[PDB]
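Contents: one structure, followed by commentary.
Chain letters run A, B, ... following the sequence lines, proteins first and then strands; every chain starts at 1. The basis for the numbers below is simple: all heavy atoms, side chains too, and nothing from hydrogens, waters or symmetry mates.
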4 protein chains.
Amino acid sequence: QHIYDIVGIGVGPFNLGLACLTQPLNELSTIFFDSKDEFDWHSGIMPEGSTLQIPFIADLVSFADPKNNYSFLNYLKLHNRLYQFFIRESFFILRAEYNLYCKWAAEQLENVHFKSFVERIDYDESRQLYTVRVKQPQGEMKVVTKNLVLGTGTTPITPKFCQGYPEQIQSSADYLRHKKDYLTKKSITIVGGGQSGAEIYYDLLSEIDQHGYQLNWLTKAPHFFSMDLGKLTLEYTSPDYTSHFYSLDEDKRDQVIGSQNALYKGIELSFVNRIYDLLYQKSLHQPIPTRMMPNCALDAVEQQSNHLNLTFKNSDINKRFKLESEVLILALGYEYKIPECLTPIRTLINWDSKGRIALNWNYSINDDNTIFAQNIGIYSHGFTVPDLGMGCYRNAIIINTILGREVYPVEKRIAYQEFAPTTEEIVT
Amino acid sequence: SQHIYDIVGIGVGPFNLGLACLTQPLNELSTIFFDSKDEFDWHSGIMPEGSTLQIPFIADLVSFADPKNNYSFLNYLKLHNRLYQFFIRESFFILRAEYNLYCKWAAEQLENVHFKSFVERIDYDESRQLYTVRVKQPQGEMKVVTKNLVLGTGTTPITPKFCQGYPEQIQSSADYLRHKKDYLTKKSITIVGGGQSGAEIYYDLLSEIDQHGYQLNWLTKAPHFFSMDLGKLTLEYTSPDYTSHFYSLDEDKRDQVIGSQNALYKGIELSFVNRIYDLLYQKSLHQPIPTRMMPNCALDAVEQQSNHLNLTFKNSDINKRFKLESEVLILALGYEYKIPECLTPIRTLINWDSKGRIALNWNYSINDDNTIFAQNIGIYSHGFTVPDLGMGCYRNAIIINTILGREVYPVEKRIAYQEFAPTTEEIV
Amino acid sequence: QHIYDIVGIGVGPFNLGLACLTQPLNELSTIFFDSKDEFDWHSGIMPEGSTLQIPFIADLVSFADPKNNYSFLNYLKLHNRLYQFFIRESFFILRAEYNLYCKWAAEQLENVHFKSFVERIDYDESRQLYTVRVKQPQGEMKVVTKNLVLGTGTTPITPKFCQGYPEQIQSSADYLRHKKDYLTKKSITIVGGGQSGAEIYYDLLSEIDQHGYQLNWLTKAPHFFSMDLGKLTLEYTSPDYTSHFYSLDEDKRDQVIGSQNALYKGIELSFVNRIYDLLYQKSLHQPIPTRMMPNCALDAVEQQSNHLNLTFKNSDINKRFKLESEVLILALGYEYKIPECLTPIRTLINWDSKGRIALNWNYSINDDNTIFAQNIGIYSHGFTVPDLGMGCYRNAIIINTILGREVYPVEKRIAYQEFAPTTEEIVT
Amino acid sequence: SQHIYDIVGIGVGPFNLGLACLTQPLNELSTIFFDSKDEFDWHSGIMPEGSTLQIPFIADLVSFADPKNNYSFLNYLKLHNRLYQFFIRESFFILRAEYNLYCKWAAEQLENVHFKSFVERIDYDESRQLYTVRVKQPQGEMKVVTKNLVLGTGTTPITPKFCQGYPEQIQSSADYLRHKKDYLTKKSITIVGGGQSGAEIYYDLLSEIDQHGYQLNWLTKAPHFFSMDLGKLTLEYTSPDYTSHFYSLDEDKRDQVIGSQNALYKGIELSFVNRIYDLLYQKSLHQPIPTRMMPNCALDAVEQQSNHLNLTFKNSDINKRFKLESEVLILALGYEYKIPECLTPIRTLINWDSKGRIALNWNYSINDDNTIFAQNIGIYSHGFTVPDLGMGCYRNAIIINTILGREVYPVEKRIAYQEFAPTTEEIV
Ligand SMILES: Cc1cc2nc3c(=O)[nH]c(=O)nc-3n(C[C@H](O)[C@H](O)[C@H](O)COP(=O)(O)OP(=O)(O)OC[C@H]3O[C@@H](n4cnc5c(N)ncnc54)[C@H](O)[C@@H]3O)c2cc1C
Ligand SMILES: Cc1cc2nc3c(=O)[nH]c(=O)nc-3n(C[C@H](O)[C@H](O)[C@H](O)COP(=O)(O)OP(=O)(O)OC[C@H]3O[C@@H](n4cnc5c(N)ncnc54)[C@H](O)[C@@H]3O)c2cc1C
Ligand SMILES: Cc1cc2nc3c(=O)[nH]c(=O)nc-3n(C[C@H](O)[C@H](O)[C@H](O)COP(=O)(O)OP(=O)(O)OC[C@H]3O[C@@H](n4cnc5c(N)ncnc54)[C@H](O)[C@@H]3O)c2cc1C
Ligand SMILES: Cc1cc2nc3c(=O)[nH]c(=O)nc-3n(C[C@H](O)[C@H](O)[C@H](O)COP(=O)(O)OP(=O)(O)OC[C@H]3O[C@@H](n4cnc5c(N)ncnc54)[C@H](O)[C@@H]3O)c2cc1C
Ligand SMILES: NC(=O)c1ccc[n+]([C@@H]2O[C@H](COP(=O)([O-])OP(=O)(O)OC[C@H]3O[C@@H](n4cnc5c(N)ncnc54)[C@H](OP(=O)(O)O)[C@@H]3O)[C@@H](O)[C@H]2O)c1
Ligand SMILES: NC(=O)c1ccc[n+]([C@@H]2O[C@H](COP(=O)([O-])OP(=O)(O)OC[C@H]3O[C@@H](n4cnc5c(N)ncnc54)[C@H](OP(=O)(O)O)[C@@H]3O)[C@@H](O)[C@H]2O)c1
């Protein structure tokens, strides 16, 4: 019977930020649902000492309002860790601490409900009402709302040729769940040279002398490339660039986004460099039983005895080769999967030439501007669509759109670079 | 006229400015703050381009007490369109010039913070238990009445008596920038004092030594141009833990301890030490640099000559005196607390220690009433972080809590992994 | 009448290194010629403080033989800079010191002749000897030799449409000759986003407050990207990778080189970050009169009243635009131009399908293996062909080839990575 | 047997090893070296994986004297296929395990460097002007005669008197790796000493604390866990300039000066201090770490209890003593010079100062004939760099020049920008 203004579907950092930023707005009735038991930010792939790769300003609220109660600094103040964090004097939060922080913020918000799987959404055009059915442990529930905000995140990619070997092939995302088993194996092969694979490789490399596994690491990319966090390149993480990229033609958007892996993927440079320093240190007396191979794409898997035969394609020599491995860790990246709850309103969503969800500038995905998208469409808003540092930018625009006024005024120019000439400098 | 303030702040440096920022939210308290300068100014005469604070930006006016407060540096950054850029810059250290803009911004918002206001005299009325504070402003003298004083008159450059009276030739490092243009035309410049002040002037003048004709001399009495020890295990001394520990030691041990801690808060920022050497290396490539640097050298006498000063130095290593000629002498000998003249009529109401110094209670009051509180007084009583901008919020919280008689701003008790004393039970 | 074993054409760092490495080998008779007045390593684009981008081990000899008299370390020892260089504790030599280093070495070798322009080479098919004709101020030298080593380096790129404007368009290579005029202009435009452009941008941005120029910097690259010097990418600077790249198909070689701009071009990361910090600092009080545009390619210059009209294509928006500018600095990179002296023996040199000089693995470019190439064939030996870190490698192979002996034995594997599988794992 | 040596080196740590490397190309000198250990070993018992030297690699056996020398670390790297790898690693600090292999490799080249050779006794024959050196070897007792002696017997762990006689429970930091496996099974470990040895054991044990059940206690009597000051202006004290300055001072001043300089060559390396804090921060995220760190605490009593030690410390801040229980105690109290027993028969030929210490001449000889030289003796005589590996070549050059009577390895007189004394003409 109560009509919500917003239902958030999924509570990752982005919708959690939205809860924190709408909490102070008494005008808005909001509710949020997440299927997990409690907040968890990728803790299956979270070795001790792992950090976010961007500064702590990219918390749930501070880019929109440093005064908000759920800033990371206030969390630190309230948990007797503020002085300690600044003695540590790193801009990068420990991923475990970031988990504790978001858990704390999620726990303060009564309208944020975990153990809540959104299974179905329907729309009543006469009342402009979405009905959201949620499976909760005590049973199914119904809420109605004017606006939806989708924040269902992304999930590991598993190629179809890699399915059906649950005992031997696992995703990087579940690494800590299996590391104990991994340490007893004769051979471990990581596929994918991004940050996930790099952290797993460093973690296994650190312990390689205490066990008897061979440690292989392969990526199809032309090298184990570093993420380019050069500051002039960081200006692309900006309202400036977001707005510029969204204005671009659709094919141009795909080309540009295709060239930008080094802006937000790859390996953190200092981490790259720690891997090398560890290789140097452990090869002092005898060679390390480890192999690293760029330009190699896994394209086949077959069982044989009690190991896998992994077939790769070396793009440089254009040949295929086989390595044997007892376990295969896929660190192949994450992808957006459409939530099944959207199925009955699919005809309410706009789609582009290529059948992807089409976004408006303000992150709505329908003509009525009542369905908004968290972390959807790097092809539409650019490579910072998954960047925690642009989460406040997006939530502020969502909030401003829904309430129809500048609740959180958003910056328009923070970059010294210009990504286009003024309309008056163009030559006919 | 008949209005009675809870607090009068005398002086508005960062410490009393922070106190005004942290009390403004408290509508119980009626507070007012007076400063003699034309406007807020934080040592802008010794503020070369690119110069920074030596502690992280968390050490702003309010954030260690309350990260939600409206006058945090991050909120300043947000309201001035510098928040995204500050974090692309990704330094913990605020440009000294930006810290000046930030404080002037805070001061301008607080209508009870009055500059052009010299506090000439303080009297006490034992019948009413009220201080009357006489203030000289451009339009004349005014009187205000208050229950509590908070003394925030800061520190001033040390100019020994033998260096006074040579205005054209001897200047304080505090006024470097007003005299830099004249300096560049001289044939010899001698900087005395090897702290951060002297170092920045040395680097600045060395940086342009090739475009002029000055010999550049730099001498310190310290046993070497030592660096400030900001080792994180030493930073735990910047903490409630250590302030409380130090305060509890006896007076003579406190003088011993503080006399041993020059490296914890004075000396030169390490990376700045290193930039100086690198510049020496770079500029000595083709020919010697006309510069001299001499440790273990104390300025001993100053004799006027024809067109220069004869500077006598005592070298303590060889226990001999020597003379240098210099056209101008830049005094970078450090800063000292001078008891303001307004306090004279109430001196017999203030507590003094066994060495004739103002004595402070744990809560920073200097009388039995606990109605007069001291900002940046008593390095010998609360330790070397008494002038530390990072402990300003801790002191302000305790003052505010004392005056209101409750924990408005609750204060940390242990933040250090180290213990500075065993437990009662472990003592033999 | 005397028959040399080696004539070196051009004495840049690579042939200078070959002189230093063949000098201890009395079985070789060698001579080198260079047209400049003395050794000069790009001193026209060498702002004070600028450094090499690779560690000092990439000197003239040390990768082949650290004992050699012409190591950088020995240079520093003999010049009372060894202790100082290691207090400075940077791996990167100042460019001005590297110049002094190479000048020092070139001056010790009497068989290294400057003011010597190699004008013509002919080949005696019967005696298997080359006749080299050298123009010198006092006349012409004719020497006979069994082998040639070409080390004529590379030169700045000037597009045809930028030619014919000697007053208003200059190369970045001549920056320091023109800086004084530049500082007087109303507008300065730098085209090219590599290290050359960046250092000029930084150098002019540093002084922008003292003059009245607008400072524009544009590149056609998708961003002002950083050079990827991650240690796992540095492993591509190796015999391992050089041999691997050399073996690849011709078109694969061009594809790979096309994708590797970040391995050896773009901007030094520490240097990109200093640029941003300077922009941050200098915009504190007012906006900087500077513009930076990626994705912009200069494609026309037109003369006007007292300035140039510069038309650019912005590839993101697929439109062209015009800026006005009094001076235009070309920082578009360097290119190999084949020396005129080779014209008579062109028929001796091997060419590939694109009409480029075709190199054998041992860096010879003819079937006799008597003409060797320094810094030719990025399309054949890969992106490290101009890498000072690989000069001793190539020189050892050139020396070993000419003598038919392992005089300087060369490493076959220094990398943890493998760029190809073992022969036995290949799948048919 | 009757062969008359020019030099007998007693002890072969790095300093006499470098002397062997520097004298080996001088055929005028007949030298022999004896060391009592089974082979060269540089503190391998306190050599955790990844531990490094704290000064740059230029401070190898020979390179400050002669970068061309065959025994340079760079030459070592090249011949062991680690030169390229070392410079990709791009750290100035050699892993202590690698430096160990380097010194082992150098010692293996020198047929005149004999291990398993304890110099038992030294006599002097006035009639022959020869020292007889009696050496205990596995085979028997070897005698050799020699004109000069160079004492290089190093330093040994400090063990207070009240800490002797508890072999199963108290061990030196020097033997940490012999006992680490036992340590990990204990309930309580206590490290006394806050220097680099203490820090490395502390960090090593802290890293593994979660997988075990020890409480980990660390205490130093220093007023904080101070960092070693390696500011480059302080690095200039590691120089011939300062050694000559320090040597020239009077004896009491030398003791005073050396007393003030702990931060210059002791303490903890700054980056290591900061890693310890970062690890403490990381491992306290969920539960408090079972560890204690106490400065200002001097161990002054050990007391056997049943299953553990009662450790009594004096907290000098509060001037009280307290007891901690500990199953094991690790002494990281530093190292001392002990006079070798073999010098006893020639004690009356050695010069002694007014305090009973070995008195050194400027050229490092300790007798009037200038035929007995001292490695790593006389910190009170030649200053804090007497044990500094970066000054080994300087001392060795001066020893070799003295014995040969000419400037064989010329020695720098001034490397420092600073002056530690005025010119004679300036003195009053
Ligand atoms: C290991 C890792 C580290 C990363 N580190 C960084 C970083 O340092 N900086 C940065 O800018 N980016 C980083 N990213 C990228 C990005 O920030 C993360 O992917 C982030 O978790 C995405 O945020 P979110 O709110 O979109 O989705 P998520 O954090 O994925 O959360 C979405 C949640 O919605 C829930 N959900 C899905 N469907 C339903 C449903 N039908 N009903 C109810 N709930 C549902 C799921 O439980 C899911 O957990 C990282 C990504 C990974 C994988
Ligand atoms: C150049 C410099 C840089 C420093 N940098 C740092 C740093 O990076 N980190 C750190 O922790 N510490 C730093 N310090 C130390 C310390 O923080 C400063 O000295 C700081 O300014 C002290 O603040 P304050 O409120 O005590 O006094 P101040 O900032 O000195 O302010 C005192 C004010 O009181 C006014 N006043 C005095 N008497 C009267 C009166 N009778 N009536 C009215 N007004 C009066 C004066 O006009 C003055 O403006 C620095 C000090 C200096 C000099
Ligand atoms: C500004 C700049 C900085 C660079 N920095 C680095 C770096 O830090 N690290 C790195 O690995 N690479 C660097 N490079 C790339 C490369 O190392 C340089 O281009 C290097 O100068 C090339 O060396 P060289 O021996 O090929 O040719 P050069 O240094 O170009 O020298 C060739 C010489 O041959 C002479 N010559 C030409 N023709 C004749 C003739 N017919 N007769 C006689 N003499 C002739 C010329 O006078 C010329 O000086 C840099 C390049 C530039 C332009
Ligand atoms: C753990 C540790 C790390 C250090 N790291 C550094 C550093 O990074 N940088 C730096 O500048 N300094 C460092 N030092 C200080 C100094 O360099 C070392 O103490 C160094 O080992 C001293 O060198 P040495 O040649 O004097 O003596 P040692 O290395 O002690 O060698 C002494 C040798 O003499 C032998 N010997 C003794 N008596 C006899 C005898 N009667 N007959 C035969 N042989 C005998 C011993 O067996 C021993 O091998 C370190 C010290 C320690 C303890
Ligand atoms: N030791 C040092 O610090 C130092 C100093 C200077 C140079 N170097 C080295 O010397 C080499 C050359 O450096 P460089 O900066 O002179 O050349 P560069 O690295 O090739 O940079 C030139 C840039 O200008 C772009 N460009 C070319 N034509 C253009 C056009 N019409 N319009 C707009 N942009 C255009 C290029 O685009 P593309 O990316 O598409 O080619 C490229 O990005 C580099 O490897 C460099 O590292 C080193
Ligand atoms: N390359 C490396 O990484 C490395 C590793 C180990 C050692 N070293 C070098 O070797 C030298 C010795 O280092 P070290 O750490 O073994 O010893 P150290 O530097 O001399 O420090 C030992 C510490 O224990 C303190 N101490 C002495 N007696 C004590 C007592 N009864 N109770 C409590 N504390 C006591 C000492 O206090 P005081 O300060 O009052 O004397 C000192 O701080 C140093 O120069 C070091 O730099 C280098």
Q.
D/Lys232 vs C/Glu89, test: salt bridge (charged side-chain N to carboxylate O under 4.0 Å, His left out). Steps then yes/no.
A. CA-CA 9 Å; D/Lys232 296 169 179 170; C/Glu89 205 181 283; over 6 Å; no

Q. Do the side-chain N and O atoms of B/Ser284 and D/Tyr417 include a donor-acceptor pair separated by under 3.5 angstrom?
A. yes

Q. Is it the case that D/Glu98 and A/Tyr280 place a side-chain donor and acceptor less than 3.5 Å from each other?
A. yes

(Q) For D/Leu333, run the side-chain contact (heavy atoms from CB on, under 4.5 Å) check against D/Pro160, D/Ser172, D/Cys163 and tell me which one passes. (A) D/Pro160

Q.
With no hydrogens and no angle check, just 3.5 Å: does a side-chain donor-acceptor pair link D/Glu412 and C/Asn80?
A. no

Q: Scan side-chain atoms only and decide if D/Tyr176 and D/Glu200 contain a donor-acceptor pair under the 3.5 Å cut-off.
A: no

Q.
Test salt bridge (charged side-chain N to carboxylate O under 4.0 Å, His left out) on D/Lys68 and D/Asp66; report intermediate values, then the result.
A. CA-CA 5 Å; D/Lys68 310 204 291 320; D/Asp66 183 14; 3.3 Å; yes

Q) D/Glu251 and D/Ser354: which non-hydrogen atoms are nearest, and at how many Å? A) OE2-OG, 2.7 Å

Q.
Does the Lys NZ or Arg CZ of D/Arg82 fall within the cation-pi geometry relative to D/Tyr76 - under 6.0 Å from the ring centre and within 45° of the axis?
A. no

Q) Under 3.5 Å, is there a donor-acceptor pair linking the side chains of D/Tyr394 and D/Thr385? A) no

Q: Look at the side chain of D/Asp60 and the backbone N and O of D/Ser72, then say whether any donor-acceptor pair between them is shorter than 3.5 Å.
A: no

**Q.** Within 6.0 Å of NZ in A/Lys282, more than 12 heavy atoms from elsewhere
**A.** yes

Q: Sort out for me which residue in D/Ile191, D/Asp175, D/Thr159 forms a side-chain contact (heavy atoms from CB on, under 4.5 Å) with D/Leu331.
A: D/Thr159

Q: Let me know which of D/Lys253, D/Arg254, D/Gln256, D/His245 forms a side chain to side chain donor-acceptor pair (under 3.5 Å) with B/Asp317.
A: D/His245

Q.
I need the D/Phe115 CZ to D/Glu108 CD distance, nearest 0.5 Å.
A. 9.5 Å

Q) For the atom pair CD1 (D/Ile358) and CD1 (D/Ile372), what is the distance rounded to the nearest 0.5 Å? A) 9.5 Å

Q: Test side chain to side chain contact (heavy atoms under 4.5 Å, CB included) on D/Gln24 and D/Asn70 and set out the steps.
A: CA-CA 10 Å; D/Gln24 198 239 31; D/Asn70 191 81; over 6 Å; no

Q. When you measure from the side chain of C/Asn68 to the backbone N and O of C/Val61, does any donor-acceptor pair fall under 3.5 Å?
A. no

Q: Under the side chain to side chain contact (heavy atoms under 4.5 Å, CB included) rule, what do D/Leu230 and D/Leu270 come out as? Steps first, then yes or no, please.
A: CA-CA 9 Å; D/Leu230 300 188; D/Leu270 177 63; over 6 Å; no

Q: Rounded to the nearest 0.5 Å, what's the gap from OH on D/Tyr242 to CD on D/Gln418? Could you check?
A: 10.5 Å

Q) Using the ring of each side chain (for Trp, its six-membered ring), is C/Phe56 parallel, tilted or perpendicular to C/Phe91, with breaks at 30° and 60°? A) parallel

Q.
Quick check on D/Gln164: does its CD atom have over 12 non-hydrogen neighbours (other residues, nucleotides or ligands) under 6.0 Å away?
A. yes

**Q.** Between CZ on residue C/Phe63 and OH on residue D/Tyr84, distance to nearest 0.5 Å
**A.** 5.5 Å

(Q) Assess, by modelled atom type and distance only, whether the side chains of D/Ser248 and D/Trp362 contain a donor and an acceptor separated by less than 3.5 Å. (A) no

